[PDB]
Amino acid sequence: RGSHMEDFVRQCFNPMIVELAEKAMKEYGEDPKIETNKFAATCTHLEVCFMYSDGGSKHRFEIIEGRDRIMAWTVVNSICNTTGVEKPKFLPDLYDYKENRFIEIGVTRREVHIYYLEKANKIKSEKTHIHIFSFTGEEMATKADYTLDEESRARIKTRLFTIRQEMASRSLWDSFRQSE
């Protein structure tokens, strides 16, 4: 199907990020040409996770998001057997070696409060850190511990708002906001 959203996602995001989002959606049994809003969402989430890992020290983060499910769970099991942190019931996004905790990164189109509430209700181990961003420039982290420096998060919010602006300029932001 000829979707403007698909072409915009391919023009906006990095090709390797697009390939990773495509592989993730195909592994989860979703059509990137049909679920174009979910395609944009997966690309955005991947890019935000990569920018997050880009912040901090060189060996600070172990990246779980992006890998296929089997290898991702393998790295999670290795981290749990190495450090001793409780195994999470759901696949997280990163692991902070400095703070020694799993990080779940979320990107929302609504208020960060509701999104964080749903995520804290989903995750039951509580030991997993949750860091939520929004397309309006807001953020919320567990225990007010935002992990990274202010600049590394500020560039993330800037990129999110740029993506929102481009979506609105292409007249696709309304359906993308209604999709969530």
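All residue numbers are counted from 1 along the displayed sequence. Rigid core: the largest C-alpha set superposing within 1.5 Å between the two forms.
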property	result
Core-aligned Cα RMS comparison in 6 other deposited structures of this protein - stretch that moves more, 120-128 or 32-40	120-128
Stretch with the higher entry mean CA B-factor, where the candidates are 41-49 and 27-35	27-35
Residue selected from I63, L148, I132, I123 by maximal Cα B factor	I123
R153 by Cα B-factor - lowest, middle or highest third of the modelled chain	lowest
Where the record places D93 (Cα B-factor, split into thirds across the chain)	lowest
Entry-reported Cα temperature factor of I103, expressed as the chain third it lands in	lowest
Chain-relative CA temperature factor third for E118	highest
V85 - Cα temperature factor, lowest/middle/highest third of chain	highest
